[PDB]
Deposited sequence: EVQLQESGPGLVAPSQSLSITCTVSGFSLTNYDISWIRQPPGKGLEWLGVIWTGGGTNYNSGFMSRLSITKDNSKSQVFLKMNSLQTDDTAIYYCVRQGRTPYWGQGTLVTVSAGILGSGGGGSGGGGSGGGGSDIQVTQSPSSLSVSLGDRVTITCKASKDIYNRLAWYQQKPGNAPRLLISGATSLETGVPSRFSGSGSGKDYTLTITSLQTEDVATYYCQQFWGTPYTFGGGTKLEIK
């Protein structure tokens, strides 16, 4: 049973540091890389960095100098520390097991007092039923290292598709992924009231593991 659980401080003063602990179960940190991601309220997903199985780290260029990611393989814990806080740093923080099929934690809210990837409609306003396509196009070949996610208000993102084309367990077959090289597509056929959500792609061929801008789908 795979689990990731983020514990954070809830509220922090802007002249102090932020520390979050990711406690994992059901697998070993000696076998899997862990990414940290955040989501400012009302905004898209952004990748912060990763700690590799062997213990090194790679960081998002915009945060590198104020970040420290470490881990304790024996306690199954990963630690994110962020200094020089800004009010801009209020966000939900998630840790992610970064295998072939990514597995996400629940995400903890903290309130403070390169391959580019372009995602298709910023917003879609459909009719019940209908078939829609969302595209995600990369600056260079990413060799099917592409995942699609569904996020509903007040919940963590849900993985729909990994490896560009592999439908995940428990996801309706109305969702389908296709594409190769640099251009990838998510197709939803006969969409349903349960499909109102914001959708994101993410590439993971080399760091940074960049997210598309999101597609907000609504019945209009």
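Enquirer: Could you give the ranges of the deposited sequence that carry no C-alpha coordinates?
Expert: Missing from the model is only the stretch 114-134.
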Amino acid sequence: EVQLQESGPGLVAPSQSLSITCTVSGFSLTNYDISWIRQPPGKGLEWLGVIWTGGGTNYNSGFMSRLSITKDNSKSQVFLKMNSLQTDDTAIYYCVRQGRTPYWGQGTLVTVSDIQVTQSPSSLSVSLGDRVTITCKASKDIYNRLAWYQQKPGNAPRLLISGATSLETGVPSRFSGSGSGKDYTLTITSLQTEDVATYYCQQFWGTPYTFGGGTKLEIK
From here on, numbers count along this sequence of modelled residues.
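Enquirer: Output the stretch having the higher mean C-alpha B factor in the entry; the candidates are 145-153 and 115-123.
Expert: Taking the mean B-factor of the alpha carbons in each, 115-123 is higher.
Enquirer: Could you check the entry and say whether 70-78 or 124-132 has the higher mean CA B-factor?
Expert: Between 70-78 and 124-132, it is 124-132.
Enquirer: So if I compare the CA B-factors in the entry for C201, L18, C22, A13, which one is the largest?
Expert: Going by the entry's C-alpha B-factors, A13 comes out highest.
Enquirer: Pick out which of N58, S180, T30, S65 has the highest C-alpha B-factor in the PDB entry.
Expert: Of the candidates given, the C-alpha B-factor peaks at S180.
Enquirer: Would you check the entry's CA temperature factor for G44 and let me know if it's in the chain's lowest, middle or highest third?
Expert: Middle third - that is where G44 ends up once the chain's C-alpha B-factors are sorted.
Enquirer: Can you tell me which third, lowest, middle or highest, the CA B-factor of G54 falls into for its chain?
Expert: CA B-factor rank for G54: lowest third.
Enquirer: Taking the values exactly as deposited, rank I37 by C-alpha B-factor within its chain and report the matching third: lowest, middle or highest.
Expert: It belongs to the lowest third of the chain when residues are ordered by C-alpha B-factor.
Enquirer: Tell me, lowest, middle or highest third: where does the Cα B factor of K140 rank within its chain?
Expert: Its C-alpha B-factor, which the entry lists for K140, ranks in the highest third among residues of this chain.
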